[PDB]
Amino acid sequence: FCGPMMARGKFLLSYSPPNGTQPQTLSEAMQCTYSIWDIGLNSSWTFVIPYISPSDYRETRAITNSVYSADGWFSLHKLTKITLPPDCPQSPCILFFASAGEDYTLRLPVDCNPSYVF
Amino acid sequence: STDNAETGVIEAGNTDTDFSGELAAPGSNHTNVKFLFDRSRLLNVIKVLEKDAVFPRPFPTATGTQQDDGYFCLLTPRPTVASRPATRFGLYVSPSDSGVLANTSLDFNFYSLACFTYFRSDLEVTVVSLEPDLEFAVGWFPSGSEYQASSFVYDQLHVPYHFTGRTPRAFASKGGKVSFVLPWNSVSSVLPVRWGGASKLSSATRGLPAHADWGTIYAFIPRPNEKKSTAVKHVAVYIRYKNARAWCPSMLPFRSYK
Amino acid sequence: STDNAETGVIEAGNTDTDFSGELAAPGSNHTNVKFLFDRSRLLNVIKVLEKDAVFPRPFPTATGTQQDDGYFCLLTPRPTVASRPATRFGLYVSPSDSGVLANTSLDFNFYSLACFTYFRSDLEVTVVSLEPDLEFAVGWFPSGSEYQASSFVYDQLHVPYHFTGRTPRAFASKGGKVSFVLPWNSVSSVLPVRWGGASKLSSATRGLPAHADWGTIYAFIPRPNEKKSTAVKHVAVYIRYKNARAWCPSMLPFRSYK
Amino acid sequence: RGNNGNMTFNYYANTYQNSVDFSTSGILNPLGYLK
Amino acid sequence: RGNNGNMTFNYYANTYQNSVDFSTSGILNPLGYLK
Amino acid sequence: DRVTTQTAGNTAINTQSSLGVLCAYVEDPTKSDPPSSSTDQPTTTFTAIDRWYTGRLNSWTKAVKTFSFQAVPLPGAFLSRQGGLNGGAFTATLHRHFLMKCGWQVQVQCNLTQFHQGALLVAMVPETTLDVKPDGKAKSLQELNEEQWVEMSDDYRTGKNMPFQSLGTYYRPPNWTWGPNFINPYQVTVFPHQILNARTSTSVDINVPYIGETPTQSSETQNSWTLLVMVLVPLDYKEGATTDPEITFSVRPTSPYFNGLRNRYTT
Amino acid sequence: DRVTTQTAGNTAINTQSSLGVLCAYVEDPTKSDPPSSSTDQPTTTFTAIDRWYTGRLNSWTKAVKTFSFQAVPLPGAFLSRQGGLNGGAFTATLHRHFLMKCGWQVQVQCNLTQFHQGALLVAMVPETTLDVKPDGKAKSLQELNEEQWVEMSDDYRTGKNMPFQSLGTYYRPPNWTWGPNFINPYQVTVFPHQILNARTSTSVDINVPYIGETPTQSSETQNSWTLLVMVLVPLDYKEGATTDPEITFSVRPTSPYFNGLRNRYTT
């Protein structure tokens with residue numbers, strides 16, 4: 001949370017597994033794998049997305065005849081609104097990162113896309 | 001969990017950290033650097049020499065210089081131009097016929113995974129022909145040597161000086177290939193994938209390493225210069241990084257969004 | 001002897017059970033599953049690529065799509081159509097020239113002995129040419145990868161992107177063959193000979209497994225696209241199931257009585 | 001062991017030749033047991 | 001050891017095959033240490 | 001002796017002509033480890049799904065020919081309520097979990113008097129698409145009432161009518177002649193089966209484990225077993241006996257493992 | 001310190017202004033033996049109801065007076081879905097069991113800035129009929145929106161408006177003046193309570209055990225606890241601060257015992 005220090009708020013962080021419809025309501029995302037993040041002194045939260053899949057190794061590239069995509073949807077819901085004191089900037093900014101876990105493992109090299117060079 | 005990403009170190013968690021879960025078993029080690037670059041890939045399609053060459057003179061090359069372009073393959077994953085190391089990589093979009101089209105090269109499979117700054121490895125060079133029944137030969141000269149460009153008349157036949165030497169000229173059988181592993185011969189301790197210093201050379205340009213290469217191969221046909229053919233014959237140079245080590249993590253190239 | 005076949009288990013008797021006799025000596029173990037599928041047999045005759053292909057777009061393919069059919073061999077004993085896995089096997093009886101005749105395949109020697117439901121094995125692929133003096137090459141991509149379909153201009157020659165890669169492109173000598181054993185690379189634990197579930201894919205069809213395959217080979221000729229020939233060249237793909245295991249007994253196909 | 005007469009010498013290692021399963025942690029038995 | 005299945009027999013010696021460094025005289029450690 | 005009461009949960013069933021529980025492929029098909037393709041904790045068995053589910057099935061008349069089968073998919077009958085077979089709190093858990101890994105234990109009842117003749121072939125047939133019309137879509141409850149018994153035609157013997165994908169206008173549509181989910185009707189006794197003869201028993205007992213191409217399969221789209229009641233000998237009686245005996249079945253999932261919880265399945 | 005994450009099942013909740021979990025009447029209100037008024041086996045806790053249920057609650061404006069309460073019955077809010085409070089697989093089990101014996105564990109969140117003042121009185125008030133109109137019927141979701149906060153009138157202080165029975169035309173209807181389910185608003189701090197002051201905390205934590213006149217009570221018709229958010233000091237701020245802070249709550253049943261299974265409750 002890269003907002004001001006005087007901001008107080010909470011954020012719900014739901015990872016839904018692949019459903020037929022992407023969950024949009026907070027009550028449809030309360031039921032999935034969520035976690036509530038309270039903004040305070042420490043200003044980071046590492047939501048670790050579980051590996052829920054039938055196959056032991058998921059395909060890293062879903063460019064295929066597509067549907068509502070496995071492996072599901074991450075979604076950042078604001079639970080309570082961010083209450084700012086007067087003379088503080090409206091609309092703060094939640095800077096997102098994306099790392100790998102301590103058990104993230106890769107397999108089978110393929111030829112890369114050379115389209116970074118054109 | 002509660003963390004501080006301003007610290008600069010985020011400990012790689014698991015599912016069991018916040019939730020009830022378990023560790024997944026380790027799949028495989030195909031991300032190992034010594035495993036992942038130890039596989040062959042195409043570097044540059046170079047023409048095959050048919051006479052004693054003239055090596056490309058250094059930049060800025062002026063017009064009228066009768067030299068031989070597109071014959072020498074500066075064996076480097078970094079971008080080259082006209083058989084000499086460069087910084088930028090340039091491809092001709094609409095190549096009109098004004099001026100000499102400079103043979104550029106790059107290792108497309110390398111930079112998409114070159115998430116590091118320094119890289120040292122041996123080099124296995126396989127030189128596959130792109131011509132039916134081509135009996136060629138693969139000369140070579142190390143990082144910091146130059147090409148011996150003349151001819152000595154043996155028996156009224158201009159045999160050039162690139163048939164002999166102290167550097168490996170492997171001769172191919174007809175319909176065959178040439179494969180040999182080259183050691184790390186540059187004077188630098190490692191090869192800079194990304195280099196930020198200035199090479200104090202012929203006029204100094206930032207970001208251009210001088211000796212980041214394994215050498216330079218060139219293909220010739222083992223006949224004297226009186227037996228010169230007419231059509232242009234190509235050859236393709238594959239390259240494998242044996243015993244790769246890599247240091248100092250860095251960025252991967254910018255994949256666009258259009 | 002007195003028995004009950006409604007029980008569902010009938011104990012396999014001998015001559016000595018009812019009569020006076022003796023046990024015959026055991027002949028041989030040629031019915032062993034690891035012995036009986038460990039022998040090569042023809043899978044599919046596929047054409048040989050001569051340019052950068054367009055992989056067959058998924059069904060329902062509409063007219064006007066310029067794609068390349070009959071070049072990719074989805075390496076599976078189950079019935080395929082147009083290099084993609086299918087359920088039914090269709091052969092054209094009177095193939096009139098309206099529409100594209102889709103290259104189907106099946107392993108005829110497998111299903112006549114596939115008296116089981118699940119089957120896992122390695123795969124030895126031998127790719128025999130069906131052309132006098134053909135210098136071809138056998139590309140491949142695993143179960144769950146796709147074909148890299150474009151071309152990169154090396155030396156004003158459209159060399160396609162299926163010459164290089166991280167997957168085995170074995171090059172054949174002229175008049176020779178290509179033989180290499182592929183490991184079990186599908187994401188499913190076994191290959192379903194018979195499958196009854198539904199693949200939640202592009203619109204879901206019962207009885208069609210999504211990743212019951214060892215990959216997909218394709219044959220190309222190692223020349224750039226300017227050296228394209230005119231006549232169509234074929235190649236034949238033989239297949240051997242190394243280290244076969246089979247589970248869950250099932251039926252053998254219905255031999256008719258006409 | 002299969003259709004394999006090479007009792008003497010395997011050049012390639014077992015992981016490269018075959019494809020072993022990763023860890024999770026004669027007498028022809030019947031396929032149906034009446035109990 | 002790399003992409004090398006030759007566990008059995010190296011014909012050429014180590015100096016000729018590889019290129020060892022001359023002398024001057026699993027557990028994936030982090031690349032940044034907060035101290 | 002031949003009187004075995006199989007108590008399970010709060011629902012027990014009796015039989016007085018028990019041939020024995022035909023345990024399939026193993027000694028105890030109840031023993032089953034968790035799935036190895038999940039990194040969460042599975043919902044194991046609990047005492048509200050550890051019970052039998054009796055549901056009816058269509059009557060067996062004289063009009064039924066030889067080899068006319070009647071397929072009951074598992075768990076596909078819990079979800080479409082095939083034959084009045086409400087799944088109870090099992091289907092209330094099957095709709096809310098993405099992957100499900102269980103092994104079944106069925107029992108088909110059909111009471112024939114000693115003056116009837118006939119022989120049903122009950123078998124747990126793995127991995128078949130027999131509930132699906134030769135046109136893809138699965139059969140609704142009306143189409144199971146409009147035919148009452150599926151005739152073993154040539155399309156089922158050759159597997160010609162299993163569901164396919166529309167190749168589109170581009171490809172000339174090939175003459176489909178074979179597909180690997182056929183039934184060879186003479187070889188259905190390779191499956192875990194008992195014969196429900198009209199003179200030995202009134203209840204067959206099959207106990208199958210979980211089989212499947214993955215260590216756990218999807219919940220909505222699996223058909224790894226299929227109960228398959230096939231007529232080997234047609235029913236015959238003299239005029240006065242009890243016409244059209246009813247057939248029921250009783251399915252009990254042994255040791256399920258539900259993984260991947262989500263909300264109730266909306267198509 | 002004051003950072004307590006209360007993980008339960010697959011749903012954890014954080015707080016950074018935790019006063020402490022006000023365990024009520026015992027050291028550990030999770031420990032609870034089975035009911036002694038049942039001769040069957042109870043459905044104990046399982047890992048799909050051992051989790052928190054966040055549901056909203058009406059906003060707290062300046063228009064709210066002193067002692068204006070807002071009652072959330074337990075388990076009565078799971079069943080009528082009060083404040084978007086879907087019970088999940090707990091209400092899917094509560095409708096199918098006749099008797100239910102659980103002890104709750106609630107947590108009310110309301111984030112006040114340091115420039116607001118006010119003090120909610122959150123308390124688990126046992127055995128009250130505060131959700132019921134003075135006319136018997138329980139309040140629907142519209143009537144909880146039509147008033148947003150129930151004023152502490154004299155009818156609630158005297159208990160005059162608790163539900164009664166129609167004596168009929170025979171008896172002259174007496175002048176009802178008192179009933180024992182009153183609220184004395186000054187004595188709500190005898191209950192297991194914490195005060196949600198605008199300057200000490202943003203989350204109160206109450207943990208109550210099962211109490212009730214019988215060793216297990218009915219599932220549809222029990223109100224043995226009632227969450228009760230009462231305004232002791234009205235909200236006040238200067239013009240510019242965040243008007244109308246929202247109030248939520250998070251209810252978790254500790255160690256339930258469901259007895260008496262039947263089909264889903266049809267009125």
# chains A, B, ... in the order shown; residues from 1 in each chain; ligands from 1
>>> select_by_dssp(residues="stretch 2-51 of chain A", states="helix (DSSP H, G or I)", output="list in words")
residues 26, 27, 28 and 29 of chain A
>>> write_last_selection(atoms="N, CA, C and O atoms", output="PDB file, in the first residue's frame")
ATOM      1  N   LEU A  26     -18.639  -9.401  -3.665  1.00  0.00           N
ATOM      2  CA  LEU A  26     -17.817  -9.713  -2.503  1.00  0.00           C
ATOM      3  C   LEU A  26     -18.294 -10.980  -1.817  1.00  0.00           C
ATOM      4  O   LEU A  26     -17.479 -11.745  -1.298  1.00  0.00           O
ATOM      5  N   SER A  27     -19.604 -11.224  -1.819  1.00  0.00           N
ATOM      6  CA  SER A  27     -20.151 -12.439  -1.234  1.00  0.00           C
ATOM      7  C   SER A  27     -19.878 -13.671  -2.077  1.00  0.00           C
ATOM      8  O   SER A  27     -19.916 -14.782  -1.546  1.00  0.00           O
ATOM      9  N   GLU A  28     -19.634 -13.512  -3.377  1.00  0.00           N
ATOM     10  CA  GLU A  28     -19.192 -14.636  -4.189  1.00  0.00           C
ATOM     11  C   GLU A  28     -17.707 -14.886  -4.056  1.00  0.00           C
ATOM     12  O   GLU A  28     -17.238 -15.960  -4.438  1.00  0.00           O
ATOM     13  N   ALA A  29     -16.957 -13.921  -3.542  1.00  0.00           N
ATOM     14  CA  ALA A  29     -15.525 -14.060  -3.376  1.00  0.00           C
ATOM     15  C   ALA A  29     -15.114 -14.245  -1.930  1.00  0.00           C
ATOM     16  O   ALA A  29     -13.960 -14.589  -1.670  1.00  0.00           O
TER      17      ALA A  29
END
>>> calpha_fit_and_write(fixed="chain E", moving="chain D", output="PDB file with N, CA, C and O atoms, in the first residue's frame")
ATOM      1  N   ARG D   1      26.457 -30.930 -13.154  1.00  0.00           N
ATOM      2  CA  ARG D   1      27.199 -31.626 -14.200  1.00  0.00           C
ATOM      3  C   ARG D   1      26.693 -31.235 -15.580  1.00  0.00           C
ATOM      4  O   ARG D   1      27.381 -31.427 -16.575  1.00  0.00           O
ATOM      5  N   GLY D   2      25.489 -30.682 -15.636  1.00  0.00           N
ATOM      6  CA  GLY D   2      24.994 -30.107 -16.866  1.00  0.00           C
ATOM      7  C   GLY D   2      24.066 -30.997 -17.655  1.00  0.00           C
ATOM      8  O   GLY D   2      23.345 -31.818 -17.088  1.00  0.00           O
ATOM      9  N   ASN D   3      24.064 -30.820 -18.969  1.00  0.00           N
ATOM     10  CA  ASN D   3      23.305 -31.668 -19.884  1.00  0.00           C
ATOM     11  C   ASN D   3      24.215 -32.757 -20.438  1.00  0.00           C
ATOM     12  O   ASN D   3      24.501 -32.827 -21.625  1.00  0.00           O
ATOM     13  N   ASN D   4      24.688 -33.615 -19.542  1.00  0.00           N
ATOM     14  CA  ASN D   4      25.731 -34.581 -19.859  1.00  0.00           C
ATOM     15  C   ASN D   4      25.326 -35.923 -19.278  1.00  0.00           C
ATOM     16  O   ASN D   4      25.348 -36.104 -18.059  1.00  0.00           O
ATOM     17  N   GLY D   5      24.968 -36.863 -20.141  1.00  0.00           N
ATOM     18  CA  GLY D   5      24.627 -38.199 -19.717  1.00  0.00           C
ATOM     19  C   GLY D   5      25.763 -39.181 -19.733  1.00  0.00           C
ATOM     20  O   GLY D   5      25.559 -40.360 -19.440  1.00  0.00           O
ATOM     21  N   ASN D   6      26.967 -38.737 -20.070  1.00  0.00           N
ATOM     22  CA  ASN D   6      28.131 -39.613 -20.131  1.00  0.00           C
ATOM     23  C   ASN D   6      28.691 -39.748 -18.721  1.00  0.00           C
ATOM     24  O   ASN D   6      29.705 -39.151 -18.356  1.00  0.00           O
ATOM     25  N   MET D   7      28.018 -40.561 -17.917  1.00  0.00           N
ATOM     26  CA  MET D   7      28.464 -40.800 -16.552  1.00  0.00           C
ATOM     27  C   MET D   7      29.613 -41.791 -16.484  1.00  0.00           C
ATOM     28  O   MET D   7      30.266 -41.893 -15.438  1.00  0.00           O
ATOM     29  N   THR D   8      29.888 -42.501 -17.575  1.00  0.00           N
ATOM     30  CA  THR D   8      30.725 -43.689 -17.570  1.00  0.00           C
ATOM     31  C   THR D   8      32.183 -43.400 -17.899  1.00  0.00           C
ATOM     32  O   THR D   8      33.081 -43.842 -17.179  1.00  0.00           O
ATOM     33  N   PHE D   9      32.440 -42.650 -18.963  1.00  0.00           N
ATOM     34  CA  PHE D   9      33.754 -42.678 -19.586  1.00  0.00           C
ATOM     35  C   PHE D   9      34.009 -41.367 -20.301  1.00  0.00           C
ATOM     36  O   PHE D   9      33.278 -41.019 -21.228  1.00  0.00           O
ATOM     37  N   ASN D  10      35.037 -40.647 -19.868  1.00  0.00           N
ATOM     38  CA  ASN D  10      35.526 -39.471 -20.572  1.00  0.00           C
ATOM     39  C   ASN D  10      36.795 -39.857 -21.311  1.00  0.00           C
ATOM     40  O   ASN D  10      37.794 -40.221 -20.682  1.00  0.00           O
ATOM     41  N   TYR D  11      36.753 -39.790 -22.641  1.00  0.00           N
ATOM     42  CA  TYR D  11      37.924 -40.144 -23.434  1.00  0.00           C
ATOM     43  C   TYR D  11      39.010 -39.093 -23.288  1.00  0.00           C
ATOM     44  O   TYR D  11      40.122 -39.389 -22.843  1.00  0.00           O
ATOM     45  N   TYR D  12      38.703 -37.856 -23.652  1.00  0.00           N
ATOM     46  CA  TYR D  12      39.669 -36.782 -23.548  1.00  0.00           C
ATOM     47  C   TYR D  12      39.830 -36.360 -22.100  1.00  0.00           C
ATOM     48  O   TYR D  12      38.915 -36.496 -21.289  1.00  0.00           O
ATOM     49  N   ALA D  13      41.012 -35.847 -21.776  1.00  0.00           N
ATOM     50  CA  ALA D  13      41.296 -35.431 -20.416  1.00  0.00           C
ATOM     51  C   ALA D  13      40.523 -34.161 -20.085  1.00  0.00           C
ATOM     52  O   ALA D  13      39.914 -33.529 -20.949  1.00  0.00           O
ATOM     53  N   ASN D  14      40.555 -33.782 -18.809  1.00  0.00           N
ATOM     54  CA  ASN D  14      39.753 -32.655 -18.353  1.00  0.00           C
ATOM     55  C   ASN D  14      40.280 -31.334 -18.886  1.00  0.00           C
ATOM     56  O   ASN D  14      39.499 -30.403 -19.096  1.00  0.00           O
ATOM     57  N   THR D  15      41.586 -31.230 -19.102  1.00  0.00           N
ATOM     58  CA  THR D  15      42.143 -29.984 -19.607  1.00  0.00           C
ATOM     59  C   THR D  15      41.808 -29.794 -21.077  1.00  0.00           C
ATOM     60  O   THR D  15      41.581 -28.667 -21.525  1.00  0.00           O
ATOM     61  N   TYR D  16      41.770 -30.884 -21.840  1.00  0.00           N
ATOM     62  CA  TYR D  16      41.464 -30.799 -23.260  1.00  0.00           C
ATOM     63  C   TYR D  16      39.979 -30.633 -23.505  1.00  0.00           C
ATOM     64  O   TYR D  16      39.578 -29.887 -24.399  1.00  0.00           O
ATOM     65  N   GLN D  17      39.152 -31.315 -22.725  1.00  0.00           N
ATOM     66  CA  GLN D  17      37.714 -31.241 -22.935  1.00  0.00           C
ATOM     67  C   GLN D  17      37.163 -29.915 -22.440  1.00  0.00           C
ATOM     68  O   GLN D  17      36.646 -29.110 -23.218  1.00  0.00           O
ATOM     69  N   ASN D  18      37.299 -29.657 -21.152  1.00  0.00           N
ATOM     70  CA  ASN D  18      36.833 -28.425 -20.547  1.00  0.00           C
ATOM     71  C   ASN D  18      37.941 -27.377 -20.634  1.00  0.00           C
ATOM     72  O   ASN D  18      38.899 -27.516 -21.393  1.00  0.00           O
ATOM     73  N   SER D  19      37.807 -26.293 -19.880  1.00  0.00           N
ATOM     74  CA  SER D  19      38.853 -25.273 -19.806  1.00  0.00           C
ATOM     75  C   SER D  19      38.907 -24.804 -18.357  1.00  0.00           C
ATOM     76  O   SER D  19      38.149 -23.921 -17.952  1.00  0.00           O
ATOM     77  N   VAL D  20      39.811 -25.398 -17.586  1.00  0.00           N
ATOM     78  CA  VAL D  20      39.904 -25.109 -16.164  1.00  0.00           C
ATOM     79  C   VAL D  20      40.560 -23.751 -15.948  1.00  0.00           C
ATOM     80  O   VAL D  20      41.282 -23.239 -16.800  1.00  0.00           O
ATOM     81  N   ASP D  21      40.299 -23.156 -14.789  1.00  0.00           N
ATOM     82  CA  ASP D  21      40.831 -21.841 -14.459  1.00  0.00           C
ATOM     83  C   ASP D  21      42.206 -21.987 -13.832  1.00  0.00           C
ATOM     84  O   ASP D  21      42.442 -22.918 -13.060  1.00  0.00           O
ATOM     85  N   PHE D  22      43.112 -21.063 -14.140  1.00  0.00           N
ATOM     86  CA  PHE D  22      44.398 -21.190 -13.475  1.00  0.00           C
ATOM     87  C   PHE D  22      44.346 -20.565 -12.088  1.00  0.00           C
ATOM     88  O   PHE D  22      43.468 -19.764 -11.769  1.00  0.00           O
ATOM     89  N   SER D  23      45.298 -20.957 -11.254  1.00  0.00           N
ATOM     90  CA  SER D  23      45.283 -20.572  -9.854  1.00  0.00           C
ATOM     91  C   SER D  23      45.788 -19.151  -9.658  1.00  0.00           C
ATOM     92  O   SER D  23      46.687 -18.683 -10.362  1.00  0.00           O
ATOM     93  N   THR D  24      45.207 -18.470  -8.674  1.00  0.00           N
ATOM     94  CA  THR D  24      45.612 -17.113  -8.335  1.00  0.00           C
ATOM     95  C   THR D  24      46.772 -17.099  -7.348  1.00  0.00           C
ATOM     96  O   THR D  24      47.722 -16.322  -7.514  1.00  0.00           O
ATOM     97  N   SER D  25      46.724 -17.955  -6.334  1.00  0.00           N
ATOM     98  CA  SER D  25      47.793 -18.033  -5.346  1.00  0.00           C
ATOM     99  C   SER D  25      49.011 -18.751  -5.914  1.00  0.00           C
ATOM    100  O   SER D  25      49.863 -18.135  -6.556  1.00  0.00           O
ATOM    101  N   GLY D  26      19.461 -27.696  -4.775  1.00  0.00           N
ATOM    102  CA  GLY D  26      19.976 -27.991  -3.449  1.00  0.00           C
ATOM    103  C   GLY D  26      19.628 -26.925  -2.433  1.00  0.00           C
ATOM    104  O   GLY D  26      18.474 -26.804  -2.021  1.00  0.00           O
ATOM    105  N   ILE D  27      20.628 -26.155  -2.019  1.00  0.00           N
ATOM    106  CA  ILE D  27      20.431 -25.007  -1.143  1.00  0.00           C
ATOM    107  C   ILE D  27      20.674 -23.765  -1.986  1.00  0.00           C
ATOM    108  O   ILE D  27      21.817 -23.453  -2.340  1.00  0.00           O
ATOM    109  N   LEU D  28      19.598 -23.061  -2.321  1.00  0.00           N
ATOM    110  CA  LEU D  28      19.669 -21.881  -3.171  1.00  0.00           C
ATOM    111  C   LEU D  28      19.748 -20.666  -2.259  1.00  0.00           C
ATOM    112  O   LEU D  28      18.736 -20.219  -1.714  1.00  0.00           O
ATOM    113  N   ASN D  29      20.959 -20.144  -2.089  1.00  0.00           N
ATOM    114  CA  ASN D  29      21.175 -18.997  -1.226  1.00  0.00           C
ATOM    115  C   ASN D  29      20.574 -17.734  -1.843  1.00  0.00           C
ATOM    116  O   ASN D  29      20.444 -17.630  -3.062  1.00  0.00           O
ATOM    117  N   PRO D  30      20.147 -16.780  -1.018  1.00  0.00           N
ATOM    118  CA  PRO D  30      19.575 -15.550  -1.561  1.00  0.00           C
ATOM    119  C   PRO D  30      20.644 -14.669  -2.178  1.00  0.00           C
ATOM    120  O   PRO D  30      21.829 -14.755  -1.855  1.00  0.00           O
ATOM    121  N   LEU D  31      20.200 -13.814  -3.090  1.00  0.00           N
ATOM    122  CA  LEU D  31      21.080 -12.884  -3.771  1.00  0.00           C
ATOM    123  C   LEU D  31      21.056 -11.507  -3.128  1.00  0.00           C
ATOM    124  O   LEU D  31      21.643 -10.569  -3.669  1.00  0.00           O
ATOM    125  N   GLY D  32      20.372 -11.361  -2.001  1.00  0.00           N
ATOM    126  CA  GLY D  32      20.369 -10.118  -1.258  1.00  0.00           C
ATOM    127  C   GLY D  32      20.155 -10.384   0.212  1.00  0.00           C
ATOM    128  O   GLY D  32      19.183 -11.042   0.587  1.00  0.00           O
ATOM    129  N   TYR D  33      21.043  -9.886   1.057  1.00  0.00           N
ATOM    130  CA  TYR D  33      21.010 -10.177   2.482  1.00  0.00           C
ATOM    131  C   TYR D  33      20.691  -8.900   3.234  1.00  0.00           C
ATOM    132  O   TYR D  33      21.486  -7.957   3.220  1.00  0.00           O
ATOM    133  N   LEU D  34      19.541  -8.866   3.887  1.00  0.00           N
ATOM    134  CA  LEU D  34      19.210  -7.732   4.732  1.00  0.00           C
ATOM    135  C   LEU D  34      20.026  -7.801   6.010  1.00  0.00           C
ATOM    136  O   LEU D  34      19.903  -8.761   6.776  1.00  0.00           O
ATOM    137  N   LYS D  35      20.853  -6.796   6.249  1.00  0.00           N
ATOM    138  CA  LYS D  35      21.622  -6.748   7.483  1.00  0.00           C
ATOM    139  C   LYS D  35      21.497  -5.398   8.173  1.00  0.00           C
ATOM    140  O   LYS D  35      20.389  -4.920   8.410  1.00  0.00           O
TER     141      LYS D  35
END
>>> interface_residues(of="chain B", to="chain A", cutoff="7 Å", atoms="only C-alpha atoms", output="PyMOL selection string")
chain B and resi 1-5+12-15+23-24+26-28+30-31+108-109+112+253-255
>>> interface_residues(of="chain F", to="chain C", cutoff="6 Å", atoms="only C-alpha atoms", output="NGL selection string")
:F and (19 or 127-129 or 164 or 166-172 or 174-181 or 184 or 187 or 193-195 or 213-214 or 221-223)
>>> select_by_dssp(residues="stretch 65-151 of chain C", states="strand (DSSP E or B)", output="MDAnalysis selection string")
chainID C and resid 72:74 80:81 84:85 89:90 100:101 104:105 116:120 123:129 137:141 143 145 151
>>> residues_around(residues="residue G:231", least_positions_apart="5", cutoff="12 Å", atoms="only C-alpha atoms", output="MDAnalysis selection string")
chainID G and resid 59:71 117:123 149:152 185:186 188 195:198
>>> atom_distance(atom1="atom CA of residue F:162", atom2="atom CA of residue C:67")
27.9 Å
>>> atom_distance(atom1="atom CA of residue G:73", atom2="atom CA of residue G:141")
13.2 Å
>>> residues_around(residues="residue G:125", least_positions_apart="4", cutoff="8 Å", atoms="only C-alpha atoms", output="PyMOL selection string")
chain G and resi 188+191-192+225-228
>>> interface_residues(of="chain G", to="chain F", cutoff="9 Å", atoms="only C-alpha atoms", output="PDB file with N, CA, C and O atoms, in the first residue's frame")
ATOM      1  N   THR G  43     -23.457 -34.814  14.548  1.00  0.00           N
ATOM      2  CA  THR G  43     -22.583 -34.349  13.478  1.00  0.00           C
ATOM      3  C   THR G  43     -21.705 -33.255  14.058  1.00  0.00           C
ATOM      4  O   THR G  43     -22.139 -32.116  14.217  1.00  0.00           O
ATOM      5  N   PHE G  46     -16.534 -29.941  11.302  1.00  0.00           N
ATOM      6  CA  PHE G  46     -15.746 -30.399  10.175  1.00  0.00           C
ATOM      7  C   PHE G  46     -15.229 -29.160   9.472  1.00  0.00           C
ATOM      8  O   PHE G  46     -15.722 -28.054   9.697  1.00  0.00           O
ATOM      9  N   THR G  47     -14.235 -29.340   8.625  1.00  0.00           N
ATOM     10  CA  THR G  47     -13.412 -28.214   8.210  1.00  0.00           C
ATOM     11  C   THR G  47     -14.065 -27.307   7.173  1.00  0.00           C
ATOM     12  O   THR G  47     -13.384 -26.430   6.639  1.00  0.00           O
ATOM     13  N   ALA G  48     -15.349 -27.477   6.878  1.00  0.00           N
ATOM     14  CA  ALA G  48     -16.067 -26.567   6.007  1.00  0.00           C
ATOM     15  C   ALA G  48     -17.048 -25.674   6.743  1.00  0.00           C
ATOM     16  O   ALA G  48     -17.668 -24.817   6.109  1.00  0.00           O
ATOM     17  N   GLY G  88     -23.292 -20.278   4.176  1.00  0.00           N
ATOM     18  CA  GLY G  88     -22.394 -21.212   3.521  1.00  0.00           C
ATOM     19  C   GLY G  88     -22.836 -22.641   3.732  1.00  0.00           C
ATOM     20  O   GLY G  88     -24.007 -22.981   3.561  1.00  0.00           O
ATOM     21  N   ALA G  92     -26.398 -24.815   5.271  1.00  0.00           N
ATOM     22  CA  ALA G  92     -26.766 -26.021   4.543  1.00  0.00           C
ATOM     23  C   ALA G  92     -26.798 -27.251   5.434  1.00  0.00           C
ATOM     24  O   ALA G  92     -27.384 -28.261   5.046  1.00  0.00           O
ATOM     25  N   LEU G 261     -30.904 -35.684  12.161  1.00  0.00           N
ATOM     26  CA  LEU G 261     -30.866 -35.382  10.738  1.00  0.00           C
ATOM     27  C   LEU G 261     -32.230 -35.594  10.102  1.00  0.00           C
ATOM     28  O   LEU G 261     -32.892 -36.597  10.368  1.00  0.00           O
ATOM     29  N   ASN G 263     -34.611 -34.065   6.261  1.00  0.00           N
ATOM     30  CA  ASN G 263     -34.520 -33.321   5.022  1.00  0.00           C
ATOM     31  C   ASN G 263     -34.622 -31.821   5.280  1.00  0.00           C
ATOM     32  O   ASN G 263     -34.930 -31.367   6.382  1.00  0.00           O
TER      33      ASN G 263
END
